[PDB]
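Participant: Below is one structure. I have some questions about it.
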Amino acid sequence: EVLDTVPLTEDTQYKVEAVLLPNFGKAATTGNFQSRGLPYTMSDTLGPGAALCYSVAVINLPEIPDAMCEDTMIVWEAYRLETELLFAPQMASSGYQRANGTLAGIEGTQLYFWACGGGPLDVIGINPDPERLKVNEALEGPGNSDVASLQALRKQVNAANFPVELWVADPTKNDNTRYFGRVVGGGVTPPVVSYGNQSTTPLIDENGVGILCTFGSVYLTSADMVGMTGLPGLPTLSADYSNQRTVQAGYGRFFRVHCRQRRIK
Amino acid sequence: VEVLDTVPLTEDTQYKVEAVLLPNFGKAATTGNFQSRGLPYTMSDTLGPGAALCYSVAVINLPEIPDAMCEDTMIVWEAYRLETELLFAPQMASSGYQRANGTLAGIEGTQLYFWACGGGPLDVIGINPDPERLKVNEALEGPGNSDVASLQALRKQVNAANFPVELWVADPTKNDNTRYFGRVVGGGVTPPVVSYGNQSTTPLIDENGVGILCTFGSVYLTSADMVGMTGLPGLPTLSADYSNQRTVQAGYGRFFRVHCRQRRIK
Amino acid sequence: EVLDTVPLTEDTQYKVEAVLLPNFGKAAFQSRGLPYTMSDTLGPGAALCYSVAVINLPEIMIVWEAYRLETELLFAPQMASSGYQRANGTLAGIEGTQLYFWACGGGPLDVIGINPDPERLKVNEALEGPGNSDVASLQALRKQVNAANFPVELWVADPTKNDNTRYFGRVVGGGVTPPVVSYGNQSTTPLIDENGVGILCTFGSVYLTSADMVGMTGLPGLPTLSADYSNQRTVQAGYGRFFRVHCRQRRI
Amino acid sequence: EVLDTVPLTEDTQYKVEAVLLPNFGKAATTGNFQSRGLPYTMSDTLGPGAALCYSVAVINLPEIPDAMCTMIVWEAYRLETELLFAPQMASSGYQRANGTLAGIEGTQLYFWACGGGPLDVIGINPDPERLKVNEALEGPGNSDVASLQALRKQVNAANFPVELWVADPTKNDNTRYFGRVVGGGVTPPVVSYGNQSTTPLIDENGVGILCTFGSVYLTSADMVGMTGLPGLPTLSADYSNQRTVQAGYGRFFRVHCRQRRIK
Amino acid sequence: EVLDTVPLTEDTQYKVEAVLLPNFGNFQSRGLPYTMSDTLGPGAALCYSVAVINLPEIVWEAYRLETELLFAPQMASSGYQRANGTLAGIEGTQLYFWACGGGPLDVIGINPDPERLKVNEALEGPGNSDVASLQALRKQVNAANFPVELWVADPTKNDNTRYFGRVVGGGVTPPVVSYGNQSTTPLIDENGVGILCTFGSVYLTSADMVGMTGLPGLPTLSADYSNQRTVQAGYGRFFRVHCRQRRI
């Protein structure tokens with residue numbers, strides 16, 4: 001039961017910024033912050049350090065004095081955010097394609113994903129080919145379903161080792177989270193990344209209600225796979241160099257989250 | 001049917017329901033074949049069951065409305081808005097590698113993204129794009145022999161799991177109590193672009209403010225999401241010798257949330 | 001001189017539907033043509049022509065005014081139907097040059113005839129010949145699409161006329177370009193001008209014209225996109241183009 | 001000083017239509033109206049008849065009786081413009097390697113302008129040392145950058161190549177223009193057209209193009225890409241000496257004028 | 001503390017124009033050959049362009065701007081590709097960037113491969129981080145030698161600068177450039193406040209890499225000619241900045 005916002009003052013408003021760093025997770029409890037992974041390989045197995053995992057940040061919010069009074073409590077409500085991907089054009093850094101006599105640049109399959117909620121992101125585990133695709137056991141294994149059935153494995157992203165190839169935001173949950181993702185397929189598809197500091201993203205639902213941070217924190221999740229790359233000053237996009245193809249992630253993803261106070265029953 | 005006023009909004013006169021429609025490479029009418037990759041599609045002239053993507057359907061029962069009938073009027077659920085999202089992840093090791101470009105192959109090729117929401121099954125037109133040369137296995141719903149959407153082309157409703165999306169098109173001359181949208185992309189190496197999120201919404205109301213009238217007590221959902229084709233994990237693809245392994249890649253599922261209110265009709 | 005609309009009743013409003021079928025016109029319906037060839041010559045049966053419908057409206061100076069339409073392209077993904085490309089070890093699909101065009105007017109569509117290469121491009125006698133201009137000059141041939149044999153490669157909607165028609169077209173070039181087709185039953189298209197006046201159907205009918213070339217295709221289950229099979233490439237059209245035209249009464 | 005519009009009557013409003021034809025200029029005073037050029041060549045030199053030049057039209061407007069008191073002038077406040085073009089199939093040759101029609105592809109430019117005088121342009125040679133320009137065409141001088149020293153002219157003739165002359169954003173105070181460039185050698189073109197779109201020409205103060213010289217000046221260029229010849233191979237080295245620029249068939253303009261008082 | 005705008009007159013409003021020229025830190029629209037090496041070299045790598053425009057002697061508040069890229073189609077200028085029997089044109093990786101602020105642009109230095117990507121000493125080195133951590137080098141673009149491959153607008157700062165960038169990857173990607181003199185860009189924040197020019201100047205920054213190119217009339221997009229591939233920049237980026245007065 002959501003009631004009214006507390007009248008706006010300096011004390012009833014709070015904003016916070018964070019930069020989520022790319023994470024080729026190798027462990028649950030600690031991230032591996034690097035914007036390029038280990039070589040991905042042309043194998044049937046996702047390897048730790050090679051596969052891009054979700055990035056997460058949990059940001060504690062200030063205590064609200066006299067929060068509980070009568071049957072109502074006051075909580076922080078995140079009602080708007082700005083987010084931006086940090087990235088530069090890749091030239092000398094990404095190797096050369098002999099067949100086209102030029103720089104290879106970044107290309108291939110992509111994912112651009114962000115979420116903001118009052119708890120960790122609900123996800124579904126899907127193995128696109130449960131018989132043939134293998135997942136190193138240091139990464140969160142998605143179970144045996146290739147479809148998003150009631151039986152598919154469900155978890156929350158509370159750790160550094162959830163590969164983006166295996167875990168999808170769960171639309172049947174995430175009732176107190178907003179999220180947005182874009183996937184691009186193909187192996188040579190060019191990426192297009194835009195950024196700036198004038199755009200903003202509202203977080204309010206149809207009733208004017210944002211994310212209710214009833215656990216005292218705001219939870220951020222992201223993943224930004226820009227494509228694949230070769231190594232600087234070496235050939236790529238040729239059979240002999242497939243063993244060096246590497247995932248290129250964004251340099252980081254900036255968030256600015258705006259909060260106000262909201263009374264709930 | 002004359003549409004009267006909405007019933008005043010309360011907790012009891014509004015209802016929302018969720019479903020996830022799973023991909024189906026139909027092999028039979030009454031039982032779906034829920035998998036997100038088919039059997040190898042083949043380079044042949046014949047659509048085979050398990051290989052060809054079929055429409056997914058769900059029929060979702062809505063709550064009984066007590067005391068709904070008065071003389072010449074009744075109260076029914078009206079679906080006025082929906083959210084729908086495709087579930088999908090980037091495909092990397094799962095989709096093989098292309099030697100010629102020394103990199104992962106990923107998903108590419110011909111695509112279809114389709115959804116429908118209505119008060120009964122989706123009306124479709126059967127079209128064979130080449131009636132003389134394109135063959136269809138008898139386990140699948142055969143579209144008949146028209147290559148054009150003439151008055152004579154076969155018409156059916158999608159009431160089973162074995163209607164291939166390659167052979168059956170939403171019928172714009174019918175579907176007066178269904179809303180639908182589809183997007184087709186051609187080519188054999190075309191990259192897919194899929195987006196999803198839980199903030200977008202789709203109104204279902206017509207120019208008179210009237211949504212889908214779920215007069216039979218259920219809402220009918222239909223979908224198809226072919227993201228492209230794929231090779232097998234860790235193996236070479238996009239080369240002549242491995243064409244017999246190319247497989248259709250479907251979405252993992254299609255989410256719907258349907259919002260309903262009550263409407264009196266006369 | 002256009003005056004006021006007639007007050008709205010059940011009798012002063014009319015809507016009609018039609019599905020125009022693809023036409024590879026041979027003289028003045030199939031969704032794939034005869035093989036197109038790599039040659040310098042457009043053939044009847046190979047080249048896509050405009051589709052036309054003249055739809056009679058009810059007897060009622062008051063005339064019917066079309067103020068809004070819905071239009072949708074009917075099409076399915078092409079997989080086994082379009083053959084395979086050995087070089088990429090996968091299905092070929094539909095690709096290449098495209099045209100998506102519709103018009104709605106109170107008479108036939110005004111067009112300009114253009115031969116893009118008057119010295120070298122040849123046109124079979126069964127098709128409506130565009131004359132000898134490669135530019136939309138005053139001298140370029142002007143006709144109306146009142147028959148089934150106007151090839152879309154040779155006739156372009158005339159923006160100096162069509163004062164009582166609305167039209168829209170999109171051309172995509174290239175030979176391997178992927179097509180993108182969308183359709184649904186919720187979109188709609190107003191037909192009214194700056195002064196609130198739609199199409200005035202002064203002959204007692206509404207005139208529809210369309211062309212939907214989605215690209216080229218090989219034959220089912222056979223190799224394509226290679227030299228040996230170049231003589232088998234065929235134009236893929238849409239299966240049909242749906243129109244719903246909404247009319248009211250207008251005093252002239 | 002711009003004052004008020006004249007109260008709208010039949011006499012205080014005027015609209016005019018034109019179709020600007022493609023021009024592969026070979027001389028200054030006379031256009032060369034064709035929608036395909038001579039073969040462009042794979043050379044370091046822009047050839048006359050091969051390089052697309054800007055198309056221009058200057059349209060005289062009606063005399064306004066008792067215009068001076070302040071003076072009344074025609075103000076162009078809105079226009080419609082559309083490209084005339086058809087799909088190119090048999091006309092554009094075949095790509096042997098892919099066993100299909102080549103169609104139109106490659107580098108593109110779609111440009112229009114409408115103003116009260118000729119378009120102001122900057123001359124830029126993208127490689128002053130190595131790119132050569134036939135002497136029948138307006139040479140852009142020796143700057144590869146849009147500096148204060150770059151050659152400046154107006155498009156007052158039929159021989160300004162679009163590869164060498166860019167609309168000048170430091171001038172054109174009484175012109176509106178828009179351009180789109182697409183690179184690459186095999187990029188597919190997308191052209192749309194219709195008779196329902198419109199383009200406003202009014203600025204922040206609601207003032208359009210003031211036609212103080214008694215005419216409206218139209219400028220355009222529509223390079224759709226390159227093409228081979230009908231029934232012949234293309235997109236292969238052996239036939240590269242036949243690759244030709246494909247222009248639009250024409251560009252339609254309808255320009256809407258009203259009367260405006262100025263001081 | 002931001003107070004009220006000063007009432008509008010002829011005196012309290014000011015606009016200024018500039019064209020920022022491409023800078024391979026210095027003004028040329030094609031660099032030296034870029035090389036297929038592991039090393040960014042001076043004159044081959046595109047750097048940010050900068051202009052500091054002094055304003056007339058309360059501070060000036062830039063509330064609106066127009067910006068456009070100057071560029072022409074590249075045909076004979078960009079070489080020929082034998083494999084497709086036609087002109088190569090411009091293609092490849094791209095950046096289109098502009099910024100307008102009351103001081104220099106705040107940037108973060110990032111080396112995308114600290115172990116292998118090398119940077120010539122004449123260019124501003126980004127330090128050793130491949131991620132935008134608190135540890136990543138932080139600088140302002142106040143010189144002509146900041147490579148756009150190494151320095152990214154800092155979203156954690158730039159509180160008095162507006163910026164926008166677009167990056168396109170790949171080695172053969174076609175560029176699409178649009179321009180015109182009717183579009184405009186507001187610079188005001190949610191409170192109606194623009195760029196406060198508290199040093200009495202407006203600071204402009206830009207980068208426009210349209211792709212790569214071969215030399216005129218010569219083969220390109222083939223191995224033997226890779227040592228001739230060169231970055232193609234825009235011919236210039238125009239700005240018109242609109243200013244009013246604001247009590248501070």
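Residues in the structure tokens are named by chain (A, B, ... in the order shown) and by number from 1 within that chain; ligands are numbered from 1 in the order shown.
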Kindly determine which residues of chain D lie within 8 Å of chain E, considering only C-alpha atoms, and give the answer as a PyMOL selection string.
Facilitator: chain D and resi 42-46+106-109+124+126-127+130-131+144-147+162-167+169-170+176-187+203+234-240+243
Participant: Need to verify the contact set: residue 24 in chain D, 12 Å, only C-alpha atoms, exclusion of same-chain residues closer than 6 positions in sequence. Can you return it as a ChimeraX atom specification?
Facilitator: /D:30-40,46-55,136-137,157-163,221-223,244-248
Participant: Go through C:58, C:220, C:198, C:25 and flag the residue nearest residue 11 in chain C, using only C-alpha atoms for the distances.
Facilitator: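 That would be C:58, the residue with the smallest distance to residue 11 in chain C.
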Participant: As a VMD selection string, please: every residue in range 11-210 of chain B that a backbone DSSP assignment puts in strand (DSSP E or B).
Facilitator: chain B and resid 14 to 21 24 34 37 to 40 46 to 47 54 56 to 61 69 to 70 73 to 87 97 to 98 103 to 104 108 111 to 118 123 to 126 135 to 136 155 to 157 164 168 to 170 178 to 185 193 to 197 202 to 203
Participant: I need the chain A residues near chain E as number ranges by chain; criterion: at most 8 Å, counting only C-alpha atoms.
Facilitator: A: 17, 19, 21-22, 33-36, 84, 86-93, 95-96, 98-107, 188-198, 231-234, 251-252, 254
Participant: Residues of chain C within 6 Å of chain D, counting only C-alpha atoms, what are they? List them as a PyMOL selection string.
Facilitator: chain C and resi 38-40+121+134-136+153+167-175+225-227+230
Participant: For range 86-94 of chain C, list every protein, DNA or RNA residue within 8 Å, evaluated using only C-alpha atoms, and leave out those in the same chain fewer than 2 positions away; present the list as a PyMOL selection string.
Facilitator: (chain B and resi 43+109-110+186-188+237-243+246) or (chain C and resi 78-80+82-84+96+178-179+214-218+223-225+236)
Participant: Can I get the selected residues back with N, CA and C atoms, as a compact mmCIF listing (two decimals), in the first residue's frame?
Facilitator:
```
# COMPACT_ATOMS: atom_id res chain seq x y z
N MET B 43 18.94 -28.34 -45.90
CA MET B 43 18.94 -27.50 -47.10
C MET B 43 17.95 -28.02 -48.15
N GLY B 109 20.57 -14.64 -39.86
CA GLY B 109 19.66 -15.13 -40.88
C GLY B 109 18.26 -14.58 -40.75
N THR B 110 17.32 -15.30 -41.34
CA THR B 110 15.94 -14.84 -41.48
C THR B 110 15.24 -14.89 -40.12
N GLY B 186 14.63 -10.69 -43.77
CA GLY B 186 15.13 -11.74 -44.69
C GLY B 186 16.63 -11.91 -44.67
N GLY B 187 17.15 -12.51 -45.72
CA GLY B 187 18.59 -12.80 -45.81
C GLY B 187 19.04 -14.02 -45.03
N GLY B 188 20.19 -14.54 -45.38
CA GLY B 188 20.72 -15.70 -44.71
C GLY B 188 21.82 -15.44 -43.70
N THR B 237 30.92 -23.79 -38.60
CA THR B 237 29.67 -23.50 -39.27
C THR B 237 29.87 -22.42 -40.33
N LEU B 238 28.78 -22.06 -40.99
CA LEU B 238 28.79 -21.10 -42.09
C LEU B 238 29.75 -21.50 -43.21
N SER B 239 29.82 -22.79 -43.47
CA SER B 239 30.64 -23.35 -44.53
C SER B 239 29.86 -24.54 -45.09
N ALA B 240 30.03 -24.80 -46.38
CA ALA B 240 29.25 -25.79 -47.13
C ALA B 240 29.16 -27.16 -46.44
N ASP B 241 30.28 -27.66 -45.92
CA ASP B 241 30.30 -29.02 -45.34
C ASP B 241 29.45 -29.20 -44.08
N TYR B 242 29.03 -28.10 -43.44
CA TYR B 242 28.28 -28.16 -42.20
C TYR B 242 26.87 -27.61 -42.31
N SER B 243 26.37 -27.45 -43.53
CA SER B 243 25.05 -26.91 -43.73
C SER B 243 23.98 -27.85 -43.19
N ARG B 246 22.85 -26.73 -39.62
CA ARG B 246 22.23 -25.43 -39.35
C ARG B 246 20.82 -25.66 -38.79
N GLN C 78 10.84 -16.51 -45.39
CA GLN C 78 11.16 -17.43 -46.46
C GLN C 78 12.43 -18.20 -46.03
N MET C 79 12.30 -19.50 -45.91
CA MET C 79 13.38 -20.39 -45.43
C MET C 79 13.65 -21.45 -46.49
N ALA C 80 13.11 -22.67 -46.32
CA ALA C 80 13.32 -23.71 -47.37
C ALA C 80 12.85 -23.22 -48.73
N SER C 82 13.45 -20.59 -50.33
CA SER C 82 14.33 -19.66 -51.03
C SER C 82 15.73 -20.21 -51.28
N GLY C 83 15.93 -21.49 -51.01
CA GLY C 83 17.16 -22.14 -51.40
C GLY C 83 18.31 -21.90 -50.45
N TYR C 84 19.51 -22.29 -50.87
CA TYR C 84 20.68 -22.25 -50.00
C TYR C 84 21.87 -21.72 -50.72
N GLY C 96 17.99 -8.36 -51.68
CA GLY C 96 18.21 -7.53 -52.85
C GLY C 96 17.38 -6.26 -52.84
N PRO C 178 19.28 -7.19 -47.00
CA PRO C 178 18.19 -7.88 -46.35
C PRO C 178 16.95 -7.02 -46.28
N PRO C 179 15.78 -7.61 -46.52
CA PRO C 179 14.54 -6.87 -46.34
C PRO C 179 14.02 -6.93 -44.90
N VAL C 214 9.78 -7.51 -52.29
CA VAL C 214 10.52 -7.78 -51.08
C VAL C 214 12.00 -8.12 -51.37
N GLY C 215 12.28 -8.53 -52.61
CA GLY C 215 13.64 -8.83 -53.03
C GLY C 215 13.63 -9.92 -54.08
N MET C 216 14.75 -10.63 -54.18
CA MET C 216 14.87 -11.77 -55.08
C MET C 216 15.07 -13.06 -54.30
N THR C 217 14.79 -14.17 -54.97
CA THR C 217 14.82 -15.51 -54.40
C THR C 217 15.31 -16.56 -55.39
N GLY C 218 15.95 -17.59 -54.85
CA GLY C 218 16.11 -18.84 -55.59
C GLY C 218 14.92 -19.75 -55.38
N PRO C 223 20.50 -24.78 -54.77
CA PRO C 223 21.53 -23.78 -54.55
C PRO C 223 21.22 -22.48 -55.30
N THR C 224 21.64 -21.37 -54.73
CA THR C 224 21.48 -20.07 -55.35
C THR C 224 22.64 -19.18 -54.89
N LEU C 225 22.57 -17.91 -55.28
CA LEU C 225 23.63 -16.93 -55.05
C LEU C 225 24.98 -17.38 -55.60
N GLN C 236 10.59 -11.81 -55.63
CA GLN C 236 9.65 -12.12 -54.58
C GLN C 236 8.84 -10.87 -54.26
```
Participant: Residues at most 10 Å from residue 206 in chain B, counting only C-alpha atoms, excluding those fewer than 5 positions away in the same chain, as a ChimeraX atom specification?
Facilitator: /B:80,179,211-212 /C:186
Participant: For CA of residue 107 in chain E and CA of residue 15 in chain A, quote the distance in Å rounded to one decimal.
Facilitator: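 These two atoms are separated by 22.2 Å.
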Participant: Can I get the residues of chain B within 7 Å of chain A, each with the closest pair of atoms and their distance in Å to one decimal, using only C-alpha atoms, sorted chain first then ascending number, as a Markdown table?
Facilitator:
```
| residue | atom | partner | partner_atom | distance |
| --- | --- | --- | --- | --- |
| B:22 | CA | A:147 | CA | 6.4 |
| B:35 | CA | A:147 | CA | 6.2 |
| B:36 | CA | A:146 | CA | 6.0 |
| B:87 | CA | A:168 | CA | 6.9 |
| B:88 | CA | A:168 | CA | 6.7 |
| B:89 | CA | A:165 | CA | 5.4 |
| B:90 | CA | A:165 | CA | 5.4 |
| B:91 | CA | A:165 | CA | 6.4 |
| B:93 | CA | A:44 | CA | 5.6 |
| B:94 | CA | A:133 | CA | 5.8 |
| B:97 | CA | A:42 | CA | 6.3 |
| B:99 | CA | A:239 | CA | 5.0 |
| B:100 | CA | A:238 | CA | 6.2 |
| B:101 | CA | A:237 | CA | 4.6 |
| B:102 | CA | A:239 | CA | 4.0 |
| B:103 | CA | A:242 | CA | 5.6 |
| B:104 | CA | A:187 | CA | 5.4 |
| B:105 | CA | A:187 | CA | 4.7 |
| B:106 | CA | A:186 | CA | 4.4 |
| B:107 | CA | A:185 | CA | 5.1 |
| B:108 | CA | A:186 | CA | 5.4 |
| B:191 | CA | A:186 | CA | 4.9 |
| B:192 | CA | A:185 | CA | 5.2 |
| B:193 | CA | A:184 | CA | 4.6 |
| B:194 | CA | A:183 | CA | 5.2 |
| B:195 | CA | A:182 | CA | 4.2 |
| B:196 | CA | A:181 | CA | 5.3 |
| B:197 | CA | A:180 | CA | 4.1 |
| B:198 | CA | A:179 | CA | 6.0 |
| B:199 | CA | A:178 | CA | 6.8 |
| B:233 | CA | A:44 | CA | 5.0 |
| B:234 | CA | A:44 | CA | 3.9 |
| B:252 | CA | A:147 | CA | 4.6 |
| B:253 | CA | A:148 | CA | 5.5 |
| B:255 | CA | A:171 | CA | 6.8 |
```
Participant: May I have the residues from that selection written out with C-alpha atoms, as a PDB file, in the first residue's frame?
Facilitator:
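The resulting selection-v4.pdb:
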```pdb
ATOM      1  CA  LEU B  22       7.449 -21.315 -24.933  1.00  0.00           C
ATOM      2  CA  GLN B  35      12.543 -26.381 -27.372  1.00  0.00           C
ATOM      3  CA  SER B  36      14.395 -23.206 -28.400  1.00  0.00           C
ATOM      4  CA  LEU B  87      13.516 -13.720 -23.447  1.00  0.00           C
ATOM      5  CA  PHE B  88      16.933 -14.173 -25.052  1.00  0.00           C
ATOM      6  CA  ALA B  89      20.663 -14.141 -24.286  1.00  0.00           C
ATOM      7  CA  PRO B  90      23.662 -13.432 -26.502  1.00  0.00           C
ATOM      8  CA  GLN B  91      24.861 -16.579 -28.275  1.00  0.00           C
ATOM      9  CA  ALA B  93      30.199 -20.555 -27.683  1.00  0.00           C
ATOM     10  CA  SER B  94      26.721 -21.967 -28.170  1.00  0.00           C
ATOM     11  CA  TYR B  97      32.666 -20.668 -35.248  1.00  0.00           C
ATOM     12  CA  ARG B  99      36.817 -20.352 -40.016  1.00  0.00           C
ATOM     13  CA  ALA B 100      36.787 -17.779 -42.841  1.00  0.00           C
ATOM     14  CA  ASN B 101      36.530 -14.826 -40.404  1.00  0.00           C
ATOM     15  CA  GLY B 102      38.464 -16.657 -37.584  1.00  0.00           C
ATOM     16  CA  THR B 103      35.730 -15.873 -35.058  1.00  0.00           C
ATOM     17  CA  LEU B 104      32.475 -16.938 -33.473  1.00  0.00           C
ATOM     18  CA  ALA B 105      29.591 -17.326 -35.903  1.00  0.00           C
ATOM     19  CA  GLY B 106      26.770 -16.114 -33.665  1.00  0.00           C
ATOM     20  CA  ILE B 107      23.117 -16.121 -34.673  1.00  0.00           C
ATOM     21  CA  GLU B 108      22.194 -14.798 -38.103  1.00  0.00           C
ATOM     22  CA  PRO B 191      22.308 -10.100 -37.766  1.00  0.00           C
ATOM     23  CA  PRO B 192      19.372 -10.040 -35.301  1.00  0.00           C
ATOM     24  CA  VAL B 193      18.652  -7.184 -32.889  1.00  0.00           C
ATOM     25  CA  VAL B 194      16.442  -8.097 -29.900  1.00  0.00           C
ATOM     26  CA  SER B 195      15.476  -5.665 -27.163  1.00  0.00           C
ATOM     27  CA  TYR B 196      13.561  -6.265 -23.947  1.00  0.00           C
ATOM     28  CA  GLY B 197      12.710  -4.507 -20.725  1.00  0.00           C
ATOM     29  CA  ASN B 198       9.923  -4.274 -18.214  1.00  0.00           C
ATOM     30  CA  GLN B 199       8.929  -0.609 -18.740  1.00  0.00           C
ATOM     31  CA  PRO B 233      28.511 -25.499 -29.979  1.00  0.00           C
ATOM     32  CA  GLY B 234      32.262 -25.583 -30.487  1.00  0.00           C
ATOM     33  CA  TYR B 252      13.632 -18.827 -25.011  1.00  0.00           C
ATOM     34  CA  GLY B 253      10.084 -17.671 -24.379  1.00  0.00           C
ATOM     35  CA  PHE B 255       6.346 -13.015 -21.715  1.00  0.00           C
TER      36      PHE B 255
END
```
